[PDB]
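Just so you know, we're using the working numbering here: the sequence shown kicks off at 12 and counts up by one.
Data first, discussion second: the structure below is written as structure tokens.
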Amino acid sequence: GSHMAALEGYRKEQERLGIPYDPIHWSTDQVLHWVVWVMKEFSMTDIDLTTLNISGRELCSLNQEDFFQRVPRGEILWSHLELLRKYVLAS
């Protein structure tokens, strides 16, 4: 996507905290800083946090399916996530 709304939202939250743009380098907290913050912008709220309580290498290494079983309603998350790792030239 080319939507800066979600991007500037979380990226303004990332550079201020050191949070990596690319999902694989996230630490367990930042993995869910993303899930909490980004569940906020689209008023998701009830997406499985405790099921994604892993590090970035775990998050980025699982296919959409492994996520969609843990939590199927997080399509919008991944969408912004593509845009994250795309729109930094990968951190």
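Built from N, CA and C at the ideal position, the CB exists for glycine as well.
Leaving out five residues on either side along the sequence, give the residues of the same chain with a beta carbon under 7 Å from the beta carbon of residue i.
{"i": "residue 98", "result": "18"}
{"i": "residue 42", "result": "63, 65, 66, 67, 70"}
{"i": "residue 36", "result": "67, 102"}
{"i": "residue 53", "result": "87"}
{"i": "residue 75", "result": "89"}
Which residues in the same chain have their Cβ closer than 6 Å to the Cβ of residue i, if we skip the five residues on either side of it in sequence?
{"i": "residue 94", "result": "12, 18"}
{"i": "residue 28", "result": "none"}
Might you give, ordered along the chain, the residues of its own chain that have their beta carbon closer than 8 Å to the beta carbon of residue i, omitting 5 neighbours on each side?
{"i": "residue 58", "result": "46, 50, 82, 84, 85, 88"}
{"i": "residue 38", "result": "66, 67"}
{"i": "residue 56", "result": "50"}
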